[PDB]
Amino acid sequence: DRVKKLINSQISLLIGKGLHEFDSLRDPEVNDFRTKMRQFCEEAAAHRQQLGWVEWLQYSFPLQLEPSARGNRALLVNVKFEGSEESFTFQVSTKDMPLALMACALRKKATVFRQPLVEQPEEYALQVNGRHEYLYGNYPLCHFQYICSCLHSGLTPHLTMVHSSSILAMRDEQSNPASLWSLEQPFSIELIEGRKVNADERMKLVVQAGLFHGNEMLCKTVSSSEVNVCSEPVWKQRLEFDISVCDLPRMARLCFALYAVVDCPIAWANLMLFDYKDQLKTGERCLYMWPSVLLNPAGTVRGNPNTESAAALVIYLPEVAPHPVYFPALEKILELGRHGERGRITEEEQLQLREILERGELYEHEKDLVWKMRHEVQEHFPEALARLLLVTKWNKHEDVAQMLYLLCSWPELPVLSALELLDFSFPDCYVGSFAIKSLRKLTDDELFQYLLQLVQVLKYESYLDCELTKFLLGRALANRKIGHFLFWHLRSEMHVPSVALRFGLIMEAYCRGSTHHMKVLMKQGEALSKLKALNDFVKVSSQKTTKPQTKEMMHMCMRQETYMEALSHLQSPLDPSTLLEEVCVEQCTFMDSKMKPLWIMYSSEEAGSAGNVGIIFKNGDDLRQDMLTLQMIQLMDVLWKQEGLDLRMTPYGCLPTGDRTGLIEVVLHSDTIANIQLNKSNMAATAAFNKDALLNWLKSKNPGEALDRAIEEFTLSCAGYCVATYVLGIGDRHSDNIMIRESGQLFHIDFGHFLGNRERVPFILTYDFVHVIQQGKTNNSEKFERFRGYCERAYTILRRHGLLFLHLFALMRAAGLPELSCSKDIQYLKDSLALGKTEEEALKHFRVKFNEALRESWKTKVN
């Protein structure tokens, strides 16, 4: 009653779209999606509320383990018990498990409190002080990201013993409240008229129409007659296609482009020929067209919601039968596909097939041999499914039936293979369903790693209710960190009309599954709303007065009760494990670039030093490409660490949250190379030669024996970023967008341009950095060549995972980023990783690029 109405208003506010707008569409596909997904998500919520206390820790605080640990040394730890000011500091080993640490804390408590405690270490979990992060399970302490981080920074781990009854209290508080194949005639449509068309009156209007199965044409395109430009053009003509109705695949899309000719593009529109209930569409359709920025098959199959201004195309789908017609059921397809001749070939033809399947464009005879030998592909080359799918004639229903017969007994494939199958190049729904089935084995860590790409794939989906949406919702409702990022990736695109409906519906369903998480996300949205209002003030004030004046006025605005309340006590959108407790107004400011990004600092007495965290709020720029670049850098770091190579990278958080809005994580104790190289007087870093500035700064932050470790951190991170920027073609690199941590770690910021966007970005070696690597010496081949060895090792590891980067970037094409919109952009990655070459050929090639970059660096060393 009253609670259902309040929850509806809270979802509406959170997702940025009134739920009443869904009802107003009177769309059965929307209605069925809402009902089915609410039931699915409420079932997941019921399962969650009865989880055991350890399972509930797995849901809410999923373990953050080191990449080498997934699937010796002395350490001091500080441990306290919940709600007690008193703590215990003790020595443990990096190889010890949390249970031994907890048993030690319990024996310590029993001696102090003078009682032989009933509590066993099995009744507890260790919280990282003031963070939503826990250590539990049968893992050595150094396997935990928190401990491994402390061990490298030299800091003492601070942990809280939390009893099972306290974890159960958290679970309880967080509860939700109480026949086609007989139709041989050619497919045809009637193009009736156009409405609200805007073009040059001197020209003529033409409608180009094509039938597609993904990117592939099902037959040649057909064009209407040229008619004179006017607001309401009238064609009333039949467009006939070179394909029988019986041969239309299930996922066939009819694509239109309206243009003006003397070519002047105007608009485009697509639609699925079968509806969500597998019925062949008949009757009139008014297609509200999307403005053209000619045929766009990857474009959405839903009409433009701006019906007041959009050009409209009115078409007629003829009634092909006196009764409704549905795509044949799976049982009928398999029955037809069951029949076929097994391929019989010579020992040479078997060697010919093995060659092409293990090799990826083919010639016609190569395609025919693959299709002929399809049974052998299934039985002995199952990972070559994608090749067989690409040779299948999707315009012949018998060939499709034969392919589906094999797909239905195809063995599950590795994750890497399934990622390729999510591409728009594989539009069939059974293929889509097969790909998801092979992705069910993704660990939560892998899923989190590829979540951004899986969300982009939703933009290629033809219908609202789909296996990918159910999969993501199911995984999000079983892991709070996944749920957090799924919400933000969808929410940050609500201002995009082509996805607002789909994304709004998914976010509503998720909210049905966790009323409590909806409220936690609302608190984050309230802080972002205040940051946007504050940033607008800063933008205006910065153009009228001095920075100390704008900063004092920013502080006065933040000190208002409504701002102090909204900006405090939230989970960070960048990392829900990070708690943003007390906003430190005195330390807040803004940066001097065009959009005046805000620099917001927080503190938390419960987290101690670890509670000192910062966020950058930036409004005016699209942060999606920065996020993708940083996530690709983070992936390189994981892949290197899995081979035991830690290049001390800094993949700081970057999250779009709204229209040209997002957050960026602050890396404290860091400064830009430009600021350090200003070589200011009366500073500990001041130098005789500007080349000494960076090394002098590192020496001032790392006195005595600590200097050596800082130079090594610099060398390792420099190698990681040299390789990362070269592979990704990160350009426009200068002293203002390269930073250094006091630890010595170098890192890059502000990823404006990548994939050479178009010019081939060469490998870069900067003399100032070569100088630090060489410990300030002019000649130090021992250190310089160790650094070259790190670059080579890093590069060879990435090449081995070359296909993973290609498959992920291929899926990213769905995002519509201007620097990742075609094959040329992905060709850049193929060249940088030299994937066509042997490891020896690619290493020789990299060596030539590294040596070319050294000679270029030496043009500075000569000076």
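Take the two forms, superpose them, and find the largest set of C-alpha atoms that agree within 1.5 Å; that set is the rigid core. In this text, residue numbers run from 1 along the sequence as written.
Choosing between 554-562 and 76-84, the greater Cα displacement from the shown form in 7 other deposited structures of this protein, fitted by the core, goes with 76-84.
Superposing on the core and measuring CA offsets in 7 other deposited structures of this protein, the stretch of 602-610 and 190-198 with the greater mean deviation is 190-198.
Of the other compared PDB entries of this protein that include residues on both sides, all give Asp592 atoms, none of them, and so not a third, leaving it without.
Where the other entries of this protein model the residues before and after it, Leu117 is dropped from at least a third of them. The deposited sequence places 4 to 9 unmodelled residues between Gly71 and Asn72. According to the record, the deposited sequence contains 10 or more residues between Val262 and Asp263 that were left without coordinates.
Look at the C-alpha B-factors of 493-501 and of 602-610. On average they run higher in 602-610. Checked against the record, the higher mean CA B factor of 657-665 and 422-430 lies with 422-430. Per the PDB record, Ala329 has a higher Cα B-factor than any other of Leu442, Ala329, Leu678, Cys466. Annotation for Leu135, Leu351, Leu452, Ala298: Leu351 ranks highest, by Cα B-factor. Placement of the Cα temperature factor of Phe487 within the chain: lowest third of the modelled residues, per the deposited record.
Ranked against the other modelled residues of its chain, the C-alpha B-factor of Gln49 as given in the entry falls in the middle third. In this PDB entry, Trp290 carries a Cα temperature factor that places it within the middle third of its chain's modelled residues. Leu854: CA B factor lies in the highest third for its chain, per the PDB record. Sort the chain's modelled residues by C-alpha temperature factor and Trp371 lands in the highest third, per the entry.
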